[PDB]
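Structural description and commentary
What follows is the residue order along each chain.
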Amino acid sequence: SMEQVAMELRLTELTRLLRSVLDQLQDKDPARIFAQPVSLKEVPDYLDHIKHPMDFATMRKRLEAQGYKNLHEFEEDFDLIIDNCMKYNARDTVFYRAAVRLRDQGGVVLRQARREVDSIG
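Listed as the method for this PDB entry is X-ray crystallography; the listed resolution is 1.5300 Å.

Right under this line is the structure:
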């Protein structure tokens, strides 16, 4: 149908916007601490601690399959990256600290994204 196509154009444009959002968030991680999944070869107990691992490469795969229906779903995954880190790692670690700074800097990007998503529909 013509509607299904209209819908698909909306999702494509959301994917376009979320791709730019993801790039902006990932720039706030210059150390690349959150770029890839925590290695289960190197942290073999990880899944005993963290039940839903997340990282920026995994988000990108979902994004490019148009697997984010709305900004809320995308934010859920970003928040997992941060919250997983802040639980696994102690406060006095470079990893925890990196997550705090990513959360703080990301907030600004995500604030305007929400306005853009509501604004453009």
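Additional details are given in the paragraphs that follow.
**Brief notes about the environment of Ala31**
Its location among the elements puts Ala31 in the loop between α1 (2–27) and α2 (46–49). Distance in space between the C-alpha atoms of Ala31 and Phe95 is 9.9 Å, their sequence separation being 64 residues.

**Details of the side chain of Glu75**
If you trace the backbone, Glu75 turns up in helix α4 (residues 71–88). With no salt bridge to any partner, buried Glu75 finds its closest opposite charge in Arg114, at an N-O distance of 4.2 Å. Residues within four places of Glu75 in sequence aside, it is in contact with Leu110 and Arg114.

**Structural notes on the layout of surface pockets**
Roughly 360 Å³ of volume is contained in the largest pocket. Taken together, 18 residues form the lining of the largest pocket, with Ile33, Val38, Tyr46, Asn89 and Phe95 sitting closest to its centre. With 4 residues, α4 is the largest single contributor of residues to the lining of the largest pocket. Partitioning the lining of the largest pocket into residue classes produces 12 nonpolar, 4 polar and 2 charged.

**Some thoughts on the environment of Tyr68**
With respect to the helices and strands, the residue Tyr68 is situated in the loop between α3 (56–64) and α4. Distance in space between the C-alpha atoms of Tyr68 and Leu18 is 8.6 Å, their sequence separation being 50 residues. Apart from residues no more than four positions distant in its own chain, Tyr68 is found in contact with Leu11, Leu14, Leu18, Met59, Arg62, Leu63, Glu73, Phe74 and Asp77.

**Some points on the nonpolar core**
Grouped together as the largest cluster of nonpolar side chains are 26 residues, with contacts concentrated most on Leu25, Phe34, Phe56, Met59, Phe74 and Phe78. Of all elements in the fold, only α1, α3, α4 and α5 (94–120) reach the threshold of two or more residues within this core. Examining the composition of this core, we find that 8 residues originate from one element, α5, more than from any other. Residues in contact with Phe74, not counting those within four places in the same chain, are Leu18, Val21, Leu22, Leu25, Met59, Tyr68 and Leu110.

Criteria and thresholds
For each chain, numbering restarts from 1 and follows the sequence as written, which can differ from how the entry numbers it; residues lacking coordinates are not listed. Side-chain measures were taken over the full set of non-hydrogen atoms in the model, leaving aside hydrogen atoms and water. Residues with missing side-chain atoms are left out of burial classes, side-chain pairs and their counts. Secondary structure elements are taken from DSSP: a helix is a run of H or I of four residues or more, a strand is a run of E of two residues or more, and numbering for both begins at the N terminus. Burial classes: relative accessible area under 20% of the type maximum marks a residue as buried, over 50% as exposed, and values in between as partly exposed (1.4 Å probe, protein chains only). The charge count treats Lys and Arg as positive and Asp and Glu as negative. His and the chain ends do not count. Here, a salt bridge means any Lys or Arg side-chain nitrogen found within 4 Å of an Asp or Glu carboxyl oxygen. In what follows, residue pairs with any heavy atoms lying within 4.5 Å of each other are defined as contacts. A cavity here means a set of 1 Å grid points, computed over protein atoms only, where a 1.4 Å probe fits but cannot escape. A pocket is an open set with protein on both sides within 12 Å along at least 5 of 7 lines, and lining residues have an atom within 4 Å of a point. Grid points are joined across faces, edges and corners, and a volume is the space filled by probe spheres set on the points. For this scheme, ten residues count as nonpolar: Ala, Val, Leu, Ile, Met, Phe, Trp, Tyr, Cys and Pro. Four count as charged, namely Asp, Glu, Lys and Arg, and the remainder, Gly too, count as polar. Nine residue types can take part in a nonpolar core, namely buried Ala, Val, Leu, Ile, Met, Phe, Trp, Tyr and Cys, and a core is a set of them joined through side-chain atoms within 4.5 Å.

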